[PDB]
Structure formats: C-alpha cells, structure tokens
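Participant: Encoded as structure tokens, here's the structure I'll be asking about.
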Amino acid sequence: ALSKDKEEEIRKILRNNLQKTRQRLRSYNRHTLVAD
Amino acid sequence: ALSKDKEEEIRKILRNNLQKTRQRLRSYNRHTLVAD
Amino acid sequence: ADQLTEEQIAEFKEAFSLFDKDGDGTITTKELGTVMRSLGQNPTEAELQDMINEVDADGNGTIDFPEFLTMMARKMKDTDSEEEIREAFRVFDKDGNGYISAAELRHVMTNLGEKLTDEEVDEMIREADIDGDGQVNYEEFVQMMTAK
Ligand SMILES: [Ca+2]
Ligand SMILES: [Ca+2]
Ligand SMILES: [Ca+2]
Ligand SMILES: [Ca+2]
C-alpha cells in the first residue's frame, strides 16, 4: 500500500539512474559497428 | 573553546526544535477552541 | 552504509558539551534552560519540560548523548516507516523469493510503459550489483533507493 507520491519518488530515482545508464549504454553504440 | 558563531548556531538548532514543540502546544489550542 | 564522520561526531560531542555546561554528562532542565537563556531565549518551565519529554525517547527523565545525537540529526520518530520500506520490497519482490532478479526489475521497468533491452537491465543490475553475485540483495536495493 505505497502512496502514489512514494511510488513516484521510487520511479524518479530509477528513472534518474536509467537515464544515466542509457547515456552510458548509448556510448557503446560506437563499438556496436563491427562492419569493416 | 568554540567560536561564538557556533553558539549562535545553537539558537537556530534550539529554535528549530522549539518550534516543533511549540506547534505541538498549538495543537492543544485547537482541542480547546474549535469553530466551523 | 551511511555513518557520521569523525569530524561530524566530534562536532556532535561538542554540541552536547554546549548544552552540558557543567560537563557532568547529564543535561537537565536547569542546564537546558540556562543554555536557552544564554542564547537570549526565554522559554517557560512547561515548555522546557516538554522539550525534554518530547525528546526523552528512553523516558529516563533525561536527555542522554544518544538521544541528543538523534535529536540534532533530525531523525524521524516515525518507526512505522520501516513497514513502508518493507512494503516497497514486497512490491518489487513480486515472486517473494526474498531477492530481486533482473527479470523482476525488468517487470518494474516494463510497468513504466517503456521498452528497454535486456542488456540495459543487465547493465543496471550489474551496476547496482555491488557484491557481483548476479542478484540484488536488500542492502544493494537500499543503495539503489537511497541513490540520488
Ligand atoms: Ca550536565
Ligand atoms: Ca532520556
Ligand atoms: Ca524476488
Ligand atoms: Ca548482488
């Protein structure tokens, strides 16, 4: 029975790290090209 | 051997705690005086 | 995980000393009142008793250093918050296995209404996987939730 506000805080925390993780993940896109 | 500035900070430290108790005291006023 | 540094604790001890003018290790109404009066504050006797009573968690009639430590730490007195934290674990730990796996995390992320790759989940789990056991434990989850 978590409040919506509490859930939102949890989501924001996860969202915040997700964006940072996504940025780092997208960084490796450079090495996703193995064509030569 | 602390600077007076530290002592001044106590006023803020006590004021913060004092306000919390004061608000609690204020809540008793609501129980004795109520109108709607 | 989060602990006060020696410098902060030293300041805390000094703060106790600030209220404990006689240095007897005990702070009473007279000492507290004297400190407040010294600060130019003029509290009533009832208020002074209330101040001690409110923060007197042990109810020993006095405010000990531990009581002051939490007092000046501005810690919440709501211990029911532990239940709320536990509930969050129950929500995330849908399978109730006591642990949060990548699949369980993926379901939470999926419920957000976004599509992410398994690799992203694995990377997120990996980063939050402090012990590197391939699973997220309670301590690891707490670190994730206390992340700012
Ligand atoms: Ca004392
Ligand atoms: Ca006490
Ligand atoms: Ca689980
Ligand atoms: Ca782990």
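Quick note on naming: the chains in the structure tokens go A, B, ... in the order shown, residues restart at 1 in each chain, and ligands are numbered from 1 in order of appearance.
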Mind running a least-squares superposition of chain B onto chain A over all the C-alpha atoms, in order, and reading off the RMSD?
Facilitator: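 When all C-alpha atoms are superposed, the deviation is 3.3 Å.
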Participant: Would you write out, as CSV, a table of all residues in chain C that have an atom no more than 9 Å from an atom of chain A, listing for each the closest atom pair and the distance in Å to one decimal, considering only C-alpha atoms and ordering rows by chain and rising residue number?
Facilitator:
residue,atom,partner,partner_atom,distance
C:84,CA,A:2,CA,7.0
C:87,CA,A:1,CA,7.0
C:88,CA,A:2,CA,7.0
C:91,CA,A:2,CA,8.7
C:109,CA,A:14,CA,8.6
C:112,CA,A:11,CA,8.2
C:119,CA,A:25,CA,8.9
C:120,CA,A:25,CA,7.1
C:123,CA,A:21,CA,7.6
C:124,CA,A:21,CA,6.6
C:127,CA,A:21,CA,8.9
C:144,CA,A:14,CA,7.8
C:145,CA,A:13,CA,6.8
C:146,CA,A:13,CA,8.3
C:147,CA,A:13,CA,6.7
C:148,CA,A:13,CA,6.6
Participant: Produce a file of the selected residues containing N, CA and C atoms, as a compact mmCIF listing (two decimals), in the first residue's frame.
Facilitator:
# COMPACT_ATOMS: atom_id res chain seq x y z
N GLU C 84 6.77 0.73 5.73
CA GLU C 84 6.60 1.26 4.39
C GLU C 84 7.74 0.78 3.53
N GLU C 87 7.19 -2.73 2.65
CA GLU C 87 6.17 -2.86 1.65
C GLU C 87 6.76 -2.64 0.28
N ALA C 88 7.71 -1.69 0.15
CA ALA C 88 8.32 -1.43 -1.13
C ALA C 88 9.03 -2.68 -1.60
N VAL C 91 6.56 -5.09 -2.95
CA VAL C 91 6.09 -4.72 -4.27
C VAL C 91 7.10 -5.13 -5.31
N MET C 109 10.33 -2.03 -14.65
CA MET C 109 10.61 -1.06 -15.70
C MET C 109 9.58 -1.15 -16.79
N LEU C 112 6.52 0.73 -16.36
CA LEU C 112 6.63 2.17 -16.51
C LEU C 112 6.02 2.57 -17.82
N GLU C 119 19.88 -6.07 -22.17
CA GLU C 119 21.24 -5.65 -21.87
C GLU C 119 21.21 -4.46 -20.96
N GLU C 120 20.27 -3.51 -21.18
CA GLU C 120 20.20 -2.33 -20.34
C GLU C 120 19.85 -2.75 -18.94
N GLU C 123 22.86 -4.30 -17.39
CA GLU C 123 23.85 -3.31 -17.04
C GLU C 123 23.42 -2.60 -15.77
N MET C 124 22.12 -2.26 -15.65
CA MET C 124 21.64 -1.58 -14.47
C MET C 124 21.81 -2.48 -13.28
N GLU C 127 25.48 -2.70 -12.39
CA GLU C 127 25.99 -1.54 -11.69
C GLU C 127 25.53 -1.56 -10.25
N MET C 144 20.24 1.38 -4.04
CA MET C 144 19.57 1.86 -5.23
C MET C 144 18.52 2.87 -4.86
N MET C 145 17.73 2.59 -3.80
CA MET C 145 16.67 3.50 -3.39
C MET C 145 17.21 4.74 -2.73
N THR C 146 18.42 4.68 -2.12
CA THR C 146 18.95 5.85 -1.47
C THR C 146 19.79 6.62 -2.45
N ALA C 147 19.83 6.15 -3.72
CA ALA C 147 20.61 6.82 -4.73
C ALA C 147 19.94 8.13 -5.04
N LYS C 148 20.76 9.19 -5.22
CA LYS C 148 20.22 10.49 -5.52
C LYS C 148 21.02 11.07 -6.69
Participant: Can you work out which residues are within 10 Å of ligand 3, considering only C-alpha atoms and all ligand atoms, and then hand them over as a PyMOL selection string?
Facilitator: chain C and resi 89-105+135-137
Participant: Go ahead and save the residues from that selection, with C-alpha atoms, as a PDB file, in the first residue's frame.
Facilitator:
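Printed below is result04.pdb as written:
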ATOM      1  CA  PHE C  89      10.393  -4.610  -1.031  1.00  0.00           C
ATOM      2  CA  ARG C  90       7.216  -6.674  -1.211  1.00  0.00           C
ATOM      3  CA  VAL C  91       6.086  -4.717  -4.267  1.00  0.00           C
ATOM      4  CA  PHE C  92       9.418  -5.142  -6.045  1.00  0.00           C
ATOM      5  CA  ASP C  93       9.842  -8.701  -4.834  1.00  0.00           C
ATOM      6  CA  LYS C  94       6.780  -9.942  -6.680  1.00  0.00           C
ATOM      7  CA  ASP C  95       7.884 -13.578  -6.554  1.00  0.00           C
ATOM      8  CA  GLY C  96       8.553 -13.268  -2.815  1.00  0.00           C
ATOM      9  CA  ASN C  97      11.846 -15.148  -3.133  1.00  0.00           C
ATOM     10  CA  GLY C  98      13.470 -12.573  -0.855  1.00  0.00           C
ATOM     11  CA  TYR C  99      15.621 -11.347  -3.725  1.00  0.00           C
ATOM     12  CA  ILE C 100      15.244  -9.101  -6.732  1.00  0.00           C
ATOM     13  CA  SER C 101      16.407 -10.557 -10.017  1.00  0.00           C
ATOM     14  CA  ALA C 102      16.910  -8.867 -13.363  1.00  0.00           C
ATOM     15  CA  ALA C 103      13.614 -10.308 -14.570  1.00  0.00           C
ATOM     16  CA  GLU C 104      11.822  -8.840 -11.564  1.00  0.00           C
ATOM     17  CA  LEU C 105      13.448  -5.465 -12.212  1.00  0.00           C
ATOM     18  CA  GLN C 135      21.392 -10.704  -7.747  1.00  0.00           C
ATOM     19  CA  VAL C 136      20.213  -7.608  -5.939  1.00  0.00           C
ATOM     20  CA  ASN C 137      20.041  -8.079  -2.187  1.00  0.00           C
TER      21      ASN C 137
END
Participant: Using only C-alpha atoms and all ligand atoms, which protein or nucleic acid residues are at most 8 Å from ligand 1, as a PDB file with C-alpha atoms, in the first residue's frame?
Facilitator:
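Saved the output as pocket-v2.pdb:
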ATOM      1  CA  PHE C  19      24.173  22.158  26.319  1.00  0.00           C
ATOM      2  CA  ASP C  20      26.006  20.273  29.049  1.00  0.00           C
ATOM      3  CA  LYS C  21      27.643  23.344  30.552  1.00  0.00           C
ATOM      4  CA  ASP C  22      28.662  21.522  33.727  1.00  0.00           C
ATOM      5  CA  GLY C  23      30.201  18.659  31.745  1.00  0.00           C
ATOM      6  CA  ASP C  24      28.643  16.073  34.063  1.00  0.00           C
ATOM      7  CA  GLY C  25      27.490  14.056  31.047  1.00  0.00           C
ATOM      8  CA  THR C  26      23.898  14.785  32.020  1.00  0.00           C
ATOM      9  CA  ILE C  27      21.684  17.530  30.651  1.00  0.00           C
ATOM     10  CA  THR C  28      18.707  18.582  32.735  1.00  0.00           C
ATOM     11  CA  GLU C  31      21.090  23.269  32.217  1.00  0.00           C
TER      12      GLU C  31
END
Participant: All residues within 7 Å of ligand 4 are required, counting only C-alpha atoms and all ligand atoms; please report them as a list in words.
Facilitator: residues 129, 130, 131, 132, 133, 134, 135, 136, 137 and 140 of chain C
Participant: Could you write out that same residue set with C-alpha atoms as a PDB file, in the first residue's frame?
Facilitator:
ATOM      1  CA  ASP C 129      25.258  -5.430  -8.112  1.00  0.00           C
ATOM      2  CA  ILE C 130      27.846  -4.367  -5.555  1.00  0.00           C
ATOM      3  CA  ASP C 131      28.531  -7.925  -4.404  1.00  0.00           C
ATOM      4  CA  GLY C 132      28.561  -9.111  -8.012  1.00  0.00           C
ATOM      5  CA  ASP C 133      26.511 -12.176  -7.072  1.00  0.00           C
ATOM      6  CA  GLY C 134      24.230 -11.655 -10.078  1.00  0.00           C
ATOM      7  CA  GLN C 135      21.392 -10.704  -7.747  1.00  0.00           C
ATOM      8  CA  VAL C 136      20.213  -7.608  -5.939  1.00  0.00           C
ATOM      9  CA  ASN C 137      20.041  -8.079  -2.187  1.00  0.00           C
ATOM     10  CA  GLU C 140      22.000  -3.427  -2.607  1.00  0.00           C
TER      11      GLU C 140
END
Participant: Counting only C-alpha atoms and all ligand atoms, name the residues that have an atom within 9 Å of an atom of ligand 2; the answer should be given as a ChimeraX atom specification.
Facilitator: /C:52-53,55-67
Participant: Please produce an output containing N, CA and C atoms for each residue in the selection, written as a short mmCIF file (atom, residue, chain, number, x, y, z; two decimals), in the first residue's frame.
Facilitator:
data_model
loop_
_atom_site.label_atom_id
_atom_site.label_comp_id
_atom_site.auth_asym_id
_atom_site.auth_seq_id
_atom_site.Cartn_x
_atom_site.Cartn_y
_atom_site.Cartn_z
N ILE C 52 12.29 18.35 26.97
CA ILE C 52 12.97 17.16 27.41
C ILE C 52 12.07 15.97 27.21
N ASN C 53 10.78 16.09 27.59
CA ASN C 53 9.85 14.98 27.49
C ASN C 53 9.70 14.53 26.06
N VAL C 55 11.82 14.72 23.53
CA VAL C 55 12.98 14.04 23.00
C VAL C 55 13.43 12.95 23.95
N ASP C 56 12.73 12.73 25.08
CA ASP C 56 13.16 11.72 26.01
C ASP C 56 12.58 10.40 25.56
N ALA C 57 13.22 9.79 24.54
CA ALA C 57 12.76 8.54 23.99
C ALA C 57 12.85 7.43 25.00
N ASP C 58 13.92 7.41 25.83
CA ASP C 58 14.07 6.32 26.79
C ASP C 58 13.21 6.57 27.99
N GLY C 59 12.73 7.82 28.17
CA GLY C 59 11.87 8.13 29.28
C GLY C 59 12.60 7.99 30.58
N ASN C 60 13.93 8.23 30.59
CA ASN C 60 14.68 8.10 31.82
C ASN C 60 14.67 9.42 32.55
N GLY C 61 13.94 10.42 32.00
CA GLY C 61 13.84 11.71 32.65
C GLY C 61 14.93 12.62 32.19
N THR C 62 15.91 12.12 31.40
CA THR C 62 16.99 12.98 30.96
C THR C 62 17.27 12.76 29.50
N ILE C 63 18.05 13.70 28.92
CA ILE C 63 18.41 13.59 27.53
C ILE C 63 19.85 13.17 27.54
N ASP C 64 20.12 11.94 27.08
CA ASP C 64 21.47 11.42 27.05
C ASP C 64 22.07 11.79 25.73
N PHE C 65 23.39 11.52 25.56
CA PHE C 65 24.07 11.86 24.33
C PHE C 65 23.44 11.16 23.14
N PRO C 66 23.15 9.87 23.21
CA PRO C 66 22.50 9.19 22.09
C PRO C 66 21.20 9.83 21.70
N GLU C 67 20.43 10.27 22.72
CA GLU C 67 19.17 10.94 22.47
C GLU C 67 19.44 12.24 21.76
#
Participant: Among chain B, which residues carry a DSSP assignment of helix (DSSP H, G or I), reported as a PyMOL selection string?
Facilitator: chain B and resi 4-32
